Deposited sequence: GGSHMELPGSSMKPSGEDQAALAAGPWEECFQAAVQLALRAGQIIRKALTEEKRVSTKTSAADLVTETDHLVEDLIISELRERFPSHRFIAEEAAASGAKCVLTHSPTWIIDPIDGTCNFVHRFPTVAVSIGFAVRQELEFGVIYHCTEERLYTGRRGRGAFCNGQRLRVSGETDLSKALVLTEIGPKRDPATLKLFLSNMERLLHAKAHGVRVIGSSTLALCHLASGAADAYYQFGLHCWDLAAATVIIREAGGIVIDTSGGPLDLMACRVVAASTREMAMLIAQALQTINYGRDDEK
């Protein structure tokens, strides 16, 4: 698939961002809009492409038929706290390979879109990653998984410690893996990494991060594995490795 679905996704992404931007208007039970958004998006594509499959929130089991990997609201915590960093992400795959991705920054109203072989764009502007190969001039982004047990957050702190020790020019934790991947998608950041993020968070962000220079691999260096809750994206393969090589396998799924 191509064009028709891509346009449908954009329009849904936008309509969605609106309902969630609006939902943010006033004063933990607003996990209803999440549904409403996912409900809006899916009930419509499921009615326009009846043969398609849908992946959202074991479950993630990607087939060869065109499937939509959707994250109605990335950053619920931000949302529940009205911290203006939340998104809607719609990625589309066919033949078990990511075709396009659409990500809307609801409050800032930034629409990141990337179609394979067609490049990446954020509100009309064509995104290009940075060329940053030196991990000492890198601006690394990350997210603290959903866990909290002393064991998992032992390698978390240490892993961040390694990057910091690595003389890392700076690390940011914005609470929205998708939007963080979108910063890397543009000049904004030089690399992202994490464990515990699901397939619907990197589905769309990867088509973009790729269509704009960038590289998305496994926390091992190996090829990207949607099923494994782990990823490492960066401006260049150089950086993509120094980060991965310096990481330490934690365990999510």
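Note: segments 1-25, 53-62, 93-98, 295-299 of the deposited sequence have no C-alpha coordinates in the structure.
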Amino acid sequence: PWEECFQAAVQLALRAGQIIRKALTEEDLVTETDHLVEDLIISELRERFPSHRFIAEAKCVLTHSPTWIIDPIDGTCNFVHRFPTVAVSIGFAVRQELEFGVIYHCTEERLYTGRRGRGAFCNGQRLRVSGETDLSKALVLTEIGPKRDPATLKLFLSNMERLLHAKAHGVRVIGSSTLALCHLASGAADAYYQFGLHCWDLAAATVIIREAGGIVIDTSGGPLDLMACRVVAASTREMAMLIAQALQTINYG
From here on, numbers count along this sequence of modelled residues.
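In this text, the rigid core denotes the largest set of C-alpha atoms whose superposition between the two forms falls within 1.5 Å.
Here the rigid core sets the fit, and in 4 other deposited structures of this protein the C-alphas of 148-156 stray farther than those of the other stretch, out of 171-179 and 148-156. After superposition on the rigid core, the larger root-mean-square Cα deviation in 4 other deposited structures of this protein belongs to 158-166, not to the other of 87-95 and 158-166. Compared with other PDB entries of the same protein, residue 58 is missing from at least a third of those that resolve the residues around it. Coordinates for residue 27 are absent from at least a third of the other compared entries of this protein that model residues on both sides of it. Higher mean CA temperature factor between 148-156 and 70-78: 148-156, per the PDB entry. The mean C-alpha temperature factor is higher for 235-243 when 235-243 and 5-13 are set side by side.
Within the listed group 166, 140, 182, 106, the record reports its top CA B-factor for 166. Each of 31, 43, 63, 51 has a CA temperature factor in the record; the biggest one is found at 31.
Sort the chain's modelled residues by C-alpha temperature factor and residue 115 lands in the lowest third, per the entry.
Ranked by Cα temperature factor within the chain, residue 171 sits in the middle third according to the deposited record.
In this PDB entry, the Cα temperature factor of residue 93 sits in the middle third of its chain's modelled residues. For residue 208, the recorded CA temperature factor ranks within the middle third of the chain's modelled residues. Ranked within its chain, residue 191 lands in the middle third, by CA B factor from the PDB record.
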